[PDB]
Amino acid sequence: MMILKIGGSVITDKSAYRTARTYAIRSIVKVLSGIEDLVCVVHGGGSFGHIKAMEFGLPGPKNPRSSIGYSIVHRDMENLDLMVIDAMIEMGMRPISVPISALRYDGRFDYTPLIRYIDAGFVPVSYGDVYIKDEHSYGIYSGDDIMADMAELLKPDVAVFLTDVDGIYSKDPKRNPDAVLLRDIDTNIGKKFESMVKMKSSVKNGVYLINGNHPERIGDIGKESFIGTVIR
Amino acid sequence: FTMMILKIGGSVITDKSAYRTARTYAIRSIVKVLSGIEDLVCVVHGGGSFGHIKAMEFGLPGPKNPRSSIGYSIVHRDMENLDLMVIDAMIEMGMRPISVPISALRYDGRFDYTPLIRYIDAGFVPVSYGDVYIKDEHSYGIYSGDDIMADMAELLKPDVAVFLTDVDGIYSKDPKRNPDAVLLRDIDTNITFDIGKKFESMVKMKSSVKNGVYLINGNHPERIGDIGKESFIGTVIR
Ligand SMILES: Nc1ncnc2c1ncn2[C@@H]1O[C@H](COP(=O)(O)OP(=O)(O)OP(=O)(O)O)[C@@H](O)[C@H]1O
Ligand SMILES: Nc1ncnc2c1ncn2[C@@H]1O[C@H](COP(=O)(O)OP(=O)(O)OP(=O)(O)O)[C@@H](O)[C@H]1O
Ligand SMILES: C=C(C)CCOP(=O)(O)O
Ligand SMILES: C=C(C)CCOP(=O)(O)O
């Protein structure tokens, strides 16, 4: 079994509100459709939740501004999600979105509906989303959070994160011409990296970070040729 | 105030003959009325051409096979697209909607609507819609917007339930087919009575709905404001 997250940095233009990279969505999903053991797909939001979230005070205390922002951020995320769902349906996949915003929550989310779908043969699709954290607070659960939950619940053999760079580097490669790709990380981007390292305890054969602009690399896992990072 | 739940029929917000064909002005016009309702607790909508068309063609509801399974994804996708048109209008007009789809709820014979209760309690207007669900290991179901309205009457005990369709109310026969049909304005549930399934379920609902279940022409949504009034045009079930 594989679980996989598509980063918002690769399927959206993060700098421009509600701006998708449709060709990246299509070319990633074309590859995802050939992965036989792919049981769950998560994606991030990029410019479809982070801009309105900041603008409306999410995550944060409930007030009439964040309450309206909650509606907008969730709606925007559905719009992005439907573009991923459309490409999956085109490739003959059997996707079904299960938003975090629709799950029971008591401090952790009741994912029973995603598990039921996996058992019935669907590929549940979920994404970084708003939720009601408590009677006076709205949270944002990111796609990395959801991936950590899914690792713990499913104990998949492999987890893949797609971002818009080749892997985890020593430093942000966009700022730092001298940054070096880290091919292999052991268990003994900072927030993302922490939770990936922590996922490895639930993922038998590796948590990978791969360039979503090179989705074909998912199939090079194991080969010399492989370009990417593995946490192992 | 009255606590109202309301269903927007697909017959009024879709062109039921033409696949994925919505009626945008009807949607905006209805939503303008909704945004002025003081205690609108819940909104449901049906699918018209964003559901019944594909569903029937894919064998939904029915046994699981690869056509109905792909069909499941597609019907749910299309339903979401229609729903988003409704959500977009509501957001444009100052409302706080949040979609809560039946296909994402736990089901064991009934649906666990807990997430929807949480949103009502938090001051949102949850919006749900007729949708696909896994009925058992071998079967896929379709839970219509009428079924969701029935679940909501019982769960929430609203004062009023309103169904919007593309005709004025229940007639003695199909109004579109025969020009001699007459509008039945008043249906006393205490008597034996002289869209069949819809009618059945509205009558069942009325025990959970304190002050009446109404059927109103969704092309005339201002009529919602004339509930109570002797000026109201529509069917009431009391
Ligand atoms: N050490 C590092 N290695 C690799 N990338 C880094 C590092 N530090 C910072 N970055 C930046 O992290 C970015 C990816 O982070 P980002 O949070 O956008 O990923 P994402 O999962 O696509 O986001 P989303 O939450 O929208 O899904 C890269 O574009 C890179 O510029
Ligand atoms: N006796 C009757 N009285 C009123 N309308 C009738 C009658 N018999 C048939 N109809 C037809 O019922 C239609 C509305 O029923 P319909 O099932 O479309 O409701 P709806 O809630 O809009 O559907 P959905 O929301 O499931 O897509 C009308 O267009 C009308 O032609
Ligand atoms: C709803 C928002 C803001 C997106 C959260 O998801 P991420 O994009 O994985 O951080
Ligand atoms: C999922 C489908 C087909 C819609 C069911 O809802 P209705 O249109 O209210 O009967």
# chains A, B, ... in the order shown; residues from 1 in each chain; ligands from 1
call {"tool": "select_by_dssp", "arguments": {"residues": "segment 12-103 of chain A", "states": "strand (DSSP E or B)", "output": "ChimeraX atom specification"}}
result
/A:12,20,38-43,60-61,95-97
call {"tool": "residues_near_ligand", "arguments": {"ligand": "ligand 1", "cutoff": "9 Å", "atoms": "only C-alpha atoms and all ligand atoms", "output": "JSON, numbers by chain"}}
result
{"A": [5, 6, 7, 8, 9, 10, 11, 12, 14, 42, 43, 44, 45, 46, 47, 48, 49, 50, 127, 128, 142, 143, 144, 161, 162, 163, 164, 165, 166, 167, 168, 169, 170, 171, 172, 173, 174, 175, 179, 180, 181, 182, 189, 190, 191, 192, 193, 212]}
call {"tool": "closest_atom_pairs", "arguments": {"of": "chain B", "to": "chain A", "cutoff": "8 Å", "atoms": "only C-alpha atoms", "output": "JSON lines"}}
result
{"residue": "B:69", "atom": "CA", "partner": "A:94", "partner_atom": "CA", "distance": 6.9}
{"residue": "B:70", "atom": "CA", "partner": "A:94", "partner_atom": "CA", "distance": 5.6}
{"residue": "B:72", "atom": "CA", "partner": "A:94", "partner_atom": "CA", "distance": 8.0}
{"residue": "B:73", "atom": "CA", "partner": "A:96", "partner_atom": "CA", "distance": 5.7}
{"residue": "B:74", "atom": "CA", "partner": "A:89", "partner_atom": "CA", "distance": 7.0}
{"residue": "B:76", "atom": "CA", "partner": "A:96", "partner_atom": "CA", "distance": 7.6}
{"residue": "B:77", "atom": "CA", "partner": "A:82", "partner_atom": "CA", "distance": 7.1}
{"residue": "B:81", "atom": "CA", "partner": "A:82", "partner_atom": "CA", "distance": 8.0}
{"residue": "B:84", "atom": "CA", "partner": "A:75", "partner_atom": "CA", "distance": 7.3}
{"residue": "B:87", "atom": "CA", "partner": "A:75", "partner_atom": "CA", "distance": 7.5}
{"residue": "B:88", "atom": "CA", "partner": "A:75", "partner_atom": "CA", "distance": 7.8}
{"residue": "B:91", "atom": "CA", "partner": "A:72", "partner_atom": "CA", "distance": 7.2}
{"residue": "B:95", "atom": "CA", "partner": "A:68", "partner_atom": "CA", "distance": 7.8}
{"residue": "B:96", "atom": "CA", "partner": "A:68", "partner_atom": "CA", "distance": 5.8}
{"residue": "B:97", "atom": "CA", "partner": "A:71", "partner_atom": "CA", "distance": 6.0}
{"residue": "B:98", "atom": "CA", "partner": "A:71", "partner_atom": "CA", "distance": 5.8}
{"residue": "B:100", "atom": "CA", "partner": "A:102", "partner_atom": "CA", "distance": 5.7}
{"residue": "B:101", "atom": "CA", "partner": "A:102", "partner_atom": "CA", "distance": 7.3}
{"residue": "B:103", "atom": "CA", "partner": "A:98", "partner_atom": "CA", "distance": 8.0}
{"residue": "B:104", "atom": "CA", "partner": "A:98", "partner_atom": "CA", "distance": 5.4}
{"residue": "B:105", "atom": "CA", "partner": "A:113", "partner_atom": "CA", "distance": 6.5}
{"residue": "B:106", "atom": "CA", "partner": "A:113", "partner_atom": "CA", "distance": 5.7}
{"residue": "B:114", "atom": "CA", "partner": "A:104", "partner_atom": "CA", "distance": 6.8}
{"residue": "B:115", "atom": "CA", "partner": "A:104", "partner_atom": "CA", "distance": 5.7}
{"residue": "B:116", "atom": "CA", "partner": "A:102", "partner_atom": "CA", "distance": 7.8}
{"residue": "B:122", "atom": "CA", "partner": "A:135", "partner_atom": "CA", "distance": 6.9}
{"residue": "B:137", "atom": "CA", "partner": "A:120", "partner_atom": "CA", "distance": 7.1}
call {"tool": "select_by_dssp", "arguments": {"residues": "chain B", "states": "alpha helix (DSSP H)", "output": "PyMOL selection string"}}
result
chain B and resi 10-13+24-34+52-58+66-92+114-122+145-156+196-205
call {"tool": "residues_near_ligand", "arguments": {"ligand": "ligand 4", "cutoff": "9 Å", "atoms": "only C-alpha atoms and all ligand atoms", "output": "PyMOL selection string"}}
result
chain B and resi 7-11+44-56+60-61+75-76+78-79+129-133+141-148+198
call {"tool": "residues_around", "arguments": {"residues": "residue 91 of chain A", "least_positions_apart": "6", "cutoff": "8 Å", "atoms": "only C-alpha atoms", "output": "PyMOL selection string"}}
result
chain A and resi 29-30+33
call {"tool": "write_last_selection", "arguments": {"atoms": "N, CA and C atoms", "output": "PDB file, in the first residue's frame"}}
result
ATOM      1  N   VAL A  29      -1.601  13.138 -12.034  1.00  0.00           N
ATOM      2  CA  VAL A  29      -2.655  12.183 -11.904  1.00  0.00           C
ATOM      3  C   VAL A  29      -2.516  11.070 -12.962  1.00  0.00           C
ATOM      4  N   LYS A  30      -2.027  11.391 -14.140  1.00  0.00           N
ATOM      5  CA  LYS A  30      -1.777  10.341 -15.127  1.00  0.00           C
ATOM      6  C   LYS A  30      -0.848   9.277 -14.496  1.00  0.00           C
ATOM      7  N   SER A  33      -2.515   7.226 -11.606  1.00  0.00           N
ATOM      8  CA  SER A  33      -3.481   6.231 -12.067  1.00  0.00           C
ATOM      9  C   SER A  33      -2.859   4.879 -12.386  1.00  0.00           C
TER      10      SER A  33
END
call {"tool": "closest_residue", "arguments": {"among": "B:90, B:203, B:102, B:170", "to": "ligand 2", "atoms": "only C-alpha atoms and all ligand atoms"}}
result
B:170
call {"tool": "residues_around", "arguments": {"residues": "residue 164 of chain B", "least_positions_apart": "4", "cutoff": "10 Å", "atoms": "only C-alpha atoms", "output": "ChimeraX atom specification"}}
result
/B:6-13,30,45,168-169,214-221,224,234
call {"tool": "write_last_selection", "arguments": {"atoms": "C-alpha atoms", "output": "mmCIF file, in the first residue's frame"}}
result
data_model
loop_
_atom_site.group_PDB
_atom_site.id
_atom_site.type_symbol
_atom_site.label_atom_id
_atom_site.label_comp_id
_atom_site.auth_asym_id
_atom_site.auth_seq_id
_atom_site.Cartn_x
_atom_site.Cartn_y
_atom_site.Cartn_z
ATOM 1 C CA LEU B 6 -35.748 24.233 3.102
ATOM 2 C CA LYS B 7 -35.029 22.071 0.026
ATOM 3 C CA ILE B 8 -34.223 23.590 -3.386
ATOM 4 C CA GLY B 9 -35.571 21.014 -5.919
ATOM 5 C CA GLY B 10 -33.291 20.140 -8.853
ATOM 6 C CA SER B 11 -36.364 20.679 -11.078
ATOM 7 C CA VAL B 12 -35.939 24.396 -10.430
ATOM 8 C CA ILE B 13 -32.168 24.851 -10.320
ATOM 9 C CA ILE B 30 -33.816 31.785 -4.470
ATOM 10 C CA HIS B 45 -30.932 20.593 -2.721
ATOM 11 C CA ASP B 168 -47.014 25.945 -7.573
ATOM 12 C CA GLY B 169 -47.709 23.004 -5.285
ATOM 13 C CA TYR B 214 -44.982 23.654 2.457
ATOM 14 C CA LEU B 215 -44.499 23.117 -1.228
ATOM 15 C CA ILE B 216 -43.818 26.299 -3.154
ATOM 16 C CA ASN B 217 -42.890 27.327 -6.714
ATOM 17 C CA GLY B 218 -39.142 27.946 -6.567
ATOM 18 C CA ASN B 219 -39.537 30.328 -9.545
ATOM 19 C CA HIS B 220 -41.538 32.487 -7.079
ATOM 20 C CA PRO B 221 -39.380 32.244 -3.969
ATOM 21 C CA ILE B 224 -41.770 31.867 1.178
ATOM 22 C CA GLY B 234 -48.663 26.885 -2.569
#
call {"tool": "atom_distance", "arguments": {"atom1": "atom CA of residue 145 of chain A", "atom2": "atom 7 (P, counted along the ligand's line) of ligand 3"}}
result
8.8 Å
